[PDB]
$ cat final_17.txt   # compact mmCIF, C-alpha atoms
# COMPACT_ATOMS: atom_id res chain seq x y z
CA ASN O 1284 139.92 57.98 107.45
CA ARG O 1285 138.13 59.29 110.54
CA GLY O 1286 136.73 57.48 113.56
CA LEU O 1287 134.45 54.48 113.21
CA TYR O 1288 131.44 55.83 115.08
CA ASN O 1289 131.72 59.07 113.14
CA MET O 1290 131.55 57.04 109.93
CA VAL O 1291 128.49 55.15 111.12
CA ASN O 1292 126.72 58.29 112.32
CA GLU O 1293 127.36 60.10 109.06
CA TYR O 1294 126.22 56.99 107.18
CA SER O 1295 122.58 57.42 108.16
CA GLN O 1296 122.57 61.10 109.16
CA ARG O 1297 123.82 62.29 105.78
CA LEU O 1298 123.90 61.32 102.13
CA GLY O 1299 127.08 61.72 100.11
CA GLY O 1300 129.54 60.08 97.80
CA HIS O 1301 127.58 61.70 94.94
CA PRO O 1302 125.03 58.92 94.36
CA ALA O 1303 123.24 58.58 91.04
CA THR O 1304 119.57 59.40 90.71
CA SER O 1305 116.55 57.11 90.41
CA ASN O 1306 113.58 56.85 88.04
CA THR O 1307 115.48 58.59 85.24
CA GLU O 1308 116.71 57.13 81.96
CA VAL O 1309 120.38 58.07 81.74
CA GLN O 1310 121.17 57.74 85.48
CA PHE O 1311 121.97 61.37 86.24
CA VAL O 1312 123.94 62.44 89.30
CA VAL O 1313 121.88 64.06 92.04
CA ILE O 1314 122.77 66.66 94.67
CA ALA O 1315 119.47 67.65 96.33
CA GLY O 1316 116.79 65.04 95.79
CA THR O 1317 113.32 65.97 96.95
CA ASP O 1318 112.28 62.69 98.62
CA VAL O 1319 114.85 60.03 97.74
CA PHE O 1320 115.99 57.37 100.19
CA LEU O 1321 119.55 56.35 99.37
CA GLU O 1322 121.68 53.82 101.22
CA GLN O 1323 125.03 52.82 99.73
CA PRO O 1324 127.07 50.14 101.50
CA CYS O 1325 129.77 49.77 98.85
CA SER O 1326 130.99 53.30 99.57
CA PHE O 1327 132.00 52.64 103.16
CA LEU O 1328 134.02 49.49 102.46
CA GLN O 1329 135.28 50.49 98.99
CA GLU O 1330 134.48 47.14 97.41
CA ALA O 1331 132.59 45.86 94.38
CA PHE O 1332 130.76 42.54 94.02
CA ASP N 199 100.66 47.59 94.99
CA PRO N 200 101.25 51.18 96.14
CA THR N 201 105.03 50.91 96.51
CA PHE N 202 105.59 50.75 92.74
CA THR N 203 103.35 53.71 91.92
CA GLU N 204 104.44 55.98 94.77
CA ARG N 205 106.57 58.03 92.35
CA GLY N 206 103.85 58.48 89.76
CA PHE N 207 104.17 56.84 86.36
CA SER N 208 107.44 57.33 84.51
CA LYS N 209 109.23 55.37 81.81
CA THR N 210 111.36 53.32 84.19
CA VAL N 211 108.37 52.56 86.42
CA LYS N 212 106.14 51.71 83.47
CA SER N 213 108.82 49.32 82.21
CA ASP N 214 109.12 47.69 85.61
CA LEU N 215 105.33 47.33 85.74
CA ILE N 216 105.14 45.65 82.34
CA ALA N 217 108.01 43.30 83.16
CA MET N 218 106.15 42.29 86.31
CA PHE N 219 102.97 41.80 84.27
CA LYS N 220 104.80 39.29 82.10
CA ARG N 221 106.36 37.50 85.07
CA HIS N 222 103.16 37.24 87.07
CA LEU N 223 101.17 36.12 84.04
CA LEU N 224 103.61 33.31 83.38
CA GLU N 225 103.89 32.19 86.99
CA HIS N 226 100.62 32.43 88.94
CA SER N 227 98.08 31.59 86.23
CA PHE N 228 95.41 28.93 86.79
CA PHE N 229 96.33 28.83 90.45
CA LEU N 230 93.92 26.10 91.55
CA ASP N 231 95.38 23.87 88.84
CA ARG N 232 98.88 23.95 90.30
CA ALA N 233 97.18 23.75 93.70
CA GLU N 234 96.91 20.02 93.01
CA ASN N 235 100.57 19.68 92.00
CA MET N 236 102.03 21.57 94.97
CA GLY N 237 100.76 18.91 97.36
CA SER N 238 101.01 19.99 101.00
CA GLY N 239 100.36 23.61 99.98
CA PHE N 240 96.71 22.54 99.70
CA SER N 241 95.00 25.13 101.86
CA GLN N 242 97.52 27.84 102.78
CA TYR N 243 98.28 28.54 99.13
CA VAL N 244 94.64 28.92 98.11
CA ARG N 245 93.84 30.91 101.26
CA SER N 246 96.73 33.28 100.58
CA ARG N 247 95.66 33.62 96.96
CA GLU A 1087 100.29 79.21 106.07
CA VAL A 1088 100.10 77.21 109.29
CA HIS A 1089 103.44 76.66 111.03
CA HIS A 1090 104.45 74.26 113.79
CA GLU A 1091 107.85 73.66 115.39
CA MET A 1092 109.02 70.64 117.37
CA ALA A 1093 112.05 69.63 119.42
CA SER A 1094 113.76 66.26 119.78
CA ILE A 1095 116.54 64.83 121.91
CA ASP A 1096 118.13 61.40 122.18
CA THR A 1097 118.29 60.40 125.83
CA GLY A 1098 120.69 57.48 126.06
CA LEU A 1099 124.22 57.54 124.71
CA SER A 1100 124.27 54.20 122.90
CA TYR A 1101 122.29 53.54 119.74
CA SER A 1102 118.56 53.02 120.24
CA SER A 1103 117.30 52.14 116.75
CA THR A 1104 118.25 49.83 113.89
CA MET A 1105 116.90 49.32 110.38
CA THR A 1106 117.34 46.27 108.18
CA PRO A 1107 116.58 45.51 104.52
CA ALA A 1108 114.23 42.54 104.79
CA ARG A 1109 112.54 41.93 101.43
CA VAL A 1110 113.60 42.93 97.93
CA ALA A 1111 110.51 44.49 96.40
CA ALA A 1112 111.88 45.24 92.94
CA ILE A 1113 115.06 45.79 90.97
CA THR A 1114 114.97 49.23 89.37
CA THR A 1115 118.23 49.28 87.43
CA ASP A 1116 118.77 46.80 84.64
CA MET A 1117 122.08 45.00 84.92
CA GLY A 1118 122.61 44.97 81.17
CA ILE A 1119 125.11 46.47 78.77
CA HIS A 1120 125.10 50.22 78.24
CA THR A 1121 128.56 51.69 77.74
CA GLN A 1122 128.92 55.27 78.88
CA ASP A 1123 130.41 57.25 76.03
CA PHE A 1124 133.11 59.84 76.53
CA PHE A 1125 132.14 62.11 73.63
CA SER A 1126 129.23 63.39 75.68
CA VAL A 1127 131.55 63.60 78.69
CA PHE A 1128 134.56 65.20 76.95
CA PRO A 1129 133.27 67.25 74.01
CA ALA A 1130 136.18 69.70 73.92
CA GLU A 1131 139.07 67.41 73.00
CA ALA A 1132 139.70 66.30 69.43
CA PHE A 1133 142.35 64.67 67.27
CA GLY A 1134 144.55 66.48 64.76
CA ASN A 1135 142.54 66.04 61.57
CA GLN A 1136 138.89 66.78 61.06
CA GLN A 1137 138.75 63.88 58.61
CA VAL A 1138 140.07 61.22 61.00
CA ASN A 1139 138.06 62.64 63.89
CA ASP A 1140 134.82 62.69 61.89
CA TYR A 1141 135.45 59.14 60.70
CA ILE A 1142 136.04 57.94 64.26
CA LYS A 1143 132.97 59.73 65.60
CA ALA A 1144 130.73 58.38 62.85
CA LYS A 1145 131.92 54.77 63.01
CA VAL A 1146 131.55 54.27 66.76
CA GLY A 1147 130.46 57.14 68.94
CA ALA A 1148 127.43 58.27 66.94
CA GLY A 1170 116.79 60.63 74.35
CA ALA A 1171 115.71 57.02 74.07
CA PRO A 1172 112.01 56.82 73.13
CA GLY A 1173 111.20 53.63 74.99
CA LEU A 1174 112.87 51.15 77.33
CA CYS A 1175 111.60 47.74 78.38
CA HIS A 1176 114.08 47.00 81.17
CA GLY A 1177 114.40 50.18 83.23
CA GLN A 1178 116.85 52.80 84.37
CA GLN A 1179 119.96 51.84 82.44
CA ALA A 1180 123.22 51.34 84.31
CA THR A 1181 126.23 53.17 82.94
CA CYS A 1182 129.07 50.70 82.43
CA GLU A 1183 132.54 52.26 82.67
CA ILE A 1184 135.73 50.68 81.39
CA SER I 347 118.81 58.16 145.85
CA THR I 348 117.14 56.63 142.82
CA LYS I 349 113.89 55.74 144.58
CA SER I 350 113.81 59.19 146.18
CA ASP I 351 114.35 60.84 142.79
CA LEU I 352 112.03 58.81 140.54
CA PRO I 353 109.15 61.28 141.05
CA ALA I 354 111.49 64.06 139.93
CA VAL I 355 112.48 62.17 136.76
CA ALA I 356 108.91 61.48 135.62
CA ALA I 357 107.64 65.07 135.54
CA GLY I 358 103.98 64.13 135.47
CA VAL I 359 104.32 61.13 133.15
CA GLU I 360 102.91 58.62 135.64
CA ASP I 361 100.13 61.08 136.54
CA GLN I 362 98.44 61.08 133.15
CA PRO I 363 95.63 58.52 132.84
CA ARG I 364 96.11 55.52 130.59
CA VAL I 365 93.97 54.27 127.72
CA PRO I 366 94.07 50.98 125.79
CA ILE I 367 95.78 51.03 122.38
CA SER I 368 95.36 48.69 119.39
CA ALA I 369 98.58 47.16 118.11
CA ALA I 370 99.98 43.71 117.43
CA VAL I 371 102.43 42.36 119.99
CA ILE I 372 104.81 39.41 120.08
CA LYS I 373 106.95 37.73 122.73
CA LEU I 374 110.61 37.47 121.67
CA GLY I 375 112.77 35.81 124.28
CA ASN I 376 111.59 37.75 127.31
CA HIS I 377 110.70 41.08 125.69
CA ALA I 378 107.18 41.93 124.62
CA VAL I 379 107.33 44.03 121.46
CA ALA I 380 104.77 45.97 119.43
CA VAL I 381 104.87 45.52 115.64
CA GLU I 382 102.90 47.57 113.13
CA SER I 383 102.79 49.23 109.72
CA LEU I 384 101.87 52.85 109.02
CA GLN I 385 101.40 52.47 105.29
CA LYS I 386 97.70 53.30 105.37
CA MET I 387 98.16 57.00 106.08
CA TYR I 388 100.91 57.37 103.49
CA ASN I 389 98.87 55.51 100.89
CA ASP I 390 95.97 57.84 101.65
CA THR I 391 98.13 60.92 100.97
CA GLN I 392 100.10 59.74 97.91
CA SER I 393 103.37 60.39 99.74
CA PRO I 394 106.31 57.96 99.75
CA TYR I 395 106.35 55.64 102.76

$ encode --input "final_17.txt" --output "structure tokens"
Amino acid sequence: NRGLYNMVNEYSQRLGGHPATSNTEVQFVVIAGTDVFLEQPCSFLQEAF
Amino acid sequence: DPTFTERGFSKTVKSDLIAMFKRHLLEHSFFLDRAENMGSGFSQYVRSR
Amino acid sequence: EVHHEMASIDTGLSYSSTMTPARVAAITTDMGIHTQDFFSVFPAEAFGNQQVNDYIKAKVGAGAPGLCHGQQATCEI
Amino acid sequence: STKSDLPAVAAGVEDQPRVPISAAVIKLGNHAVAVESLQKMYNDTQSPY
């Protein structure tokens, strides 16, 4: 709900939204990945394709 | 290609590698043969290959 | 152990850098059909009978050794 | 005044001697831009680019 520029800054500065993990079979949920590079656009707009 | 094997070898990555083996075997085989069919691709295709 | 500490500041106010996804290198997740079960999600709940519950669990709900497509996508309903 | 203060802003940055550097450059519109890839060092160290 917060300001736009705050959303955009947090978008790259931080992870979040509890994204699923990579290179695993069952698609676990991750909290502290070692070196993972996640970028989720569907979270910000709340839309599915 | 180092981008595929940056995470070591795991089941998901091995499966991606074998799928790409199948694709690339079916597509880019006997390259100079299709080099005649492509037409204007004459030199840039073979040079790139 | 050798240590080394650095400092950084952004000078201008407005944004000074932009990334862009340019080329799709690979598709990790397979887009196929893999329903996420609930009986591994909700193990505590159960029906009234043990007979009906066992029958239900055996008919439908029931580590994969090998996978040809990749990291399977959980489909939720 | 900006001209009177420019030596104060560059605290010895113009003083340091310059050396030629190897990098690809392109002309976009009016801006000259340097374009490069650092993947050699990360491929040498088996770390994710």

$ closest_atom_pairs --input "final_17.txt" --of "chain A" --to "chain N" --cutoff "8 Å" --atoms "all atoms listed in the file" --output "CSV"
residue,atom,partner,partner_atom,distance
A:1114,CA,N:214,CA,7.1
A:1173,CA,N:209,CA,7.3
A:1174,CA,N:213,CA,6.6
A:1175,CA,N:213,CA,5.0
A:1176,CA,N:213,CA,5.8
A:1177,CA,N:210,CA,4.5
A:1178,CA,N:210,CA,5.5

$ closest_atom_pairs --input "final_17.txt" --of "chain A" --to "chain O" --cutoff "12 Å" --atoms "only C-alpha atoms" --output "tab-separated table"
residue	atom	partner	partner_atom	distance
A:1100	CA	O:1288	CA	10.7
A:1101	CA	O:1292	CA	9.9
A:1103	CA	O:1295	CA	11.4
A:1104	CA	O:1295	CA	10.4
A:1105	CA	O:1295	CA	10.1
A:1106	CA	O:1322	CA	11.1
A:1107	CA	O:1322	CA	10.3
A:1113	CA	O:1305	CA	11.4
A:1114	CA	O:1306	CA	7.9
A:1115	CA	O:1305	CA	8.5
A:1116	CA	O:1308	CA	10.9
A:1120	CA	O:1309	CA	9.8
A:1121	CA	O:1309	CA	11.1
A:1122	CA	O:1309	CA	9.4
A:1123	CA	O:1309	CA	11.6
A:1126	CA	O:1309	CA	12.0
A:1170	CA	O:1308	CA	8.4
A:1171	CA	O:1308	CA	8.0
A:1172	CA	O:1308	CA	10.0
A:1173	CA	O:1308	CA	9.5
A:1174	CA	O:1308	CA	8.5
A:1175	CA	O:1308	CA	11.3
A:1176	CA	O:1308	CA	10.5
A:1177	CA	O:1308	CA	7.4
A:1178	CA	O:1308	CA	5.0
A:1179	CA	O:1308	CA	6.2
A:1180	CA	O:1310	CA	6.8
A:1181	CA	O:1310	CA	7.3
A:1182	CA	O:1310	CA	11.0

$ closest_residue --input "final_17.txt" --among "I:377, I:394, I:347, I:352" --to "chain O" --atoms "all atoms listed in the file"
I:394

$ residues_around --input "final_17.txt" --residues "region 353-370 of chain I" --least-positions-apart "2" --cutoff "12 Å" --atoms "all atoms listed in the file" --output "ChimeraX atom specification"
/I:347-351,372-373,378-384

$ closest_atom_pairs --input "final_17.txt" --of "chain I" --to "chain N" --cutoff "8 Å" --atoms "all atoms listed in the file" --output "Markdown table"
| residue | atom | partner | partner_atom | distance |
| --- | --- | --- | --- | --- |
| I:389 | CA | N:200 | CA | 6.9 |
| I:392 | CA | N:204 | CA | 6.5 |
| I:393 | CA | N:204 | CA | 6.7 |
| I:394 | CA | N:204 | CA | 5.7 |
| I:395 | CA | N:201 | CA | 7.9 |

$ closest_residue --input "final_17.txt" --among "O:1319, O:1314, O:1287, O:1328" --to "chain N" --atoms "all atoms listed in the file"
O:1319

$ closest_atom_pairs --input "final_17.txt" --of "chain O" --to "chain I" --cutoff "12 Å" --atoms "all atoms listed in the file" --output "JSON lines"
{"residue": "O:1317", "atom": "CA", "partner": "I:394", "partner_atom": "CA", "distance": 11.0}
{"residue": "O:1318", "atom": "CA", "partner": "I:394", "partner_atom": "CA", "distance": 7.7}
{"residue": "O:1319", "atom": "CA", "partner": "I:394", "partner_atom": "CA", "distance": 9.0}
{"residue": "O:1320", "atom": "CA", "partner": "I:394", "partner_atom": "CA", "distance": 9.7}

$ build_atoms --input "final_17.txt" --residues "region 362-386 of chain I" --atoms "N, CA and C atoms" --output "short mmCIF file (atom, residue, chain, number, x, y, z; two decimals), keeping the file's coordinate frame"
data_model
loop_
_atom_site.label_atom_id
_atom_site.label_comp_id
_atom_site.auth_asym_id
_atom_site.auth_seq_id
_atom_site.Cartn_x
_atom_site.Cartn_y
_atom_site.Cartn_z
N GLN I 362 99.43 61.06 134.21
CA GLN I 362 98.44 61.08 133.15
C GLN I 362 97.69 59.75 133.10
N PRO I 363 96.39 59.77 132.87
CA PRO I 363 95.63 58.52 132.84
C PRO I 363 95.95 57.73 131.59
N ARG I 364 95.75 56.42 131.68
CA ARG I 364 96.11 55.52 130.59
C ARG I 364 94.85 55.03 129.88
N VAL I 365 95.03 54.70 128.61
CA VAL I 365 93.97 54.27 127.72
C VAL I 365 94.50 53.10 126.90
N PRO I 366 93.66 52.11 126.63
CA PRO I 366 94.07 50.98 125.79
C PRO I 366 94.33 51.39 124.34
N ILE I 367 95.31 50.74 123.73
CA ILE I 367 95.78 51.03 122.38
C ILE I 367 95.79 49.73 121.58
N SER I 368 95.42 49.83 120.30
CA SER I 368 95.36 48.69 119.39
C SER I 368 96.67 48.57 118.63
N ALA I 369 97.35 47.45 118.82
CA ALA I 369 98.58 47.16 118.11
C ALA I 369 98.93 45.69 118.32
N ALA I 370 99.55 45.10 117.31
CA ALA I 370 99.98 43.71 117.43
C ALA I 370 101.22 43.62 118.29
N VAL I 371 101.30 42.56 119.09
CA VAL I 371 102.43 42.36 119.99
C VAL I 371 102.90 40.91 119.89
N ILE I 372 104.18 40.72 120.13
CA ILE I 372 104.81 39.41 120.08
C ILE I 372 105.74 39.27 121.27
N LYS I 373 106.01 38.03 121.66
CA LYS I 373 106.95 37.73 122.73
C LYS I 373 108.22 37.15 122.11
N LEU I 374 109.31 37.91 122.16
CA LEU I 374 110.61 37.47 121.67
C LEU I 374 111.53 37.30 122.87
N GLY I 375 111.97 36.07 123.11
CA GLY I 375 112.77 35.81 124.28
C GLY I 375 111.99 36.13 125.54
N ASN I 376 112.35 37.24 126.19
CA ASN I 376 111.59 37.75 127.31
C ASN I 376 110.90 39.07 127.04
N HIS I 377 111.26 39.77 125.97
CA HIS I 377 110.70 41.08 125.69
C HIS I 377 109.38 40.96 124.94
N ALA I 378 108.39 41.73 125.39
CA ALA I 378 107.18 41.93 124.62
C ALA I 378 107.38 43.15 123.73
N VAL I 379 107.02 43.01 122.46
CA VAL I 379 107.33 44.03 121.46
C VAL I 379 106.09 44.32 120.63
N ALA I 380 105.89 45.58 120.28
CA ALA I 380 104.77 45.97 119.43
C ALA I 380 105.24 46.13 117.99
N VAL I 381 104.52 45.51 117.06
CA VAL I 381 104.87 45.52 115.64
C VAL I 381 103.70 46.07 114.85
N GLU I 382 103.97 46.98 113.92
CA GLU I 382 102.90 47.57 113.13
C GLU I 382 103.44 48.17 111.84
N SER I 383 102.51 48.57 110.98
CA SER I 383 102.79 49.23 109.72
C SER I 383 101.95 50.49 109.62
N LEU I 384 102.56 51.57 109.14
CA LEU I 384 101.87 52.85 109.02
C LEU I 384 101.49 53.17 107.59
N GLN I 385 101.50 52.17 106.70
CA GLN I 385 101.40 52.47 105.29
C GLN I 385 100.02 52.97 104.89
N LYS I 386 99.02 52.83 105.75
CA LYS I 386 97.70 53.30 105.37
C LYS I 386 97.68 54.81 105.20
#
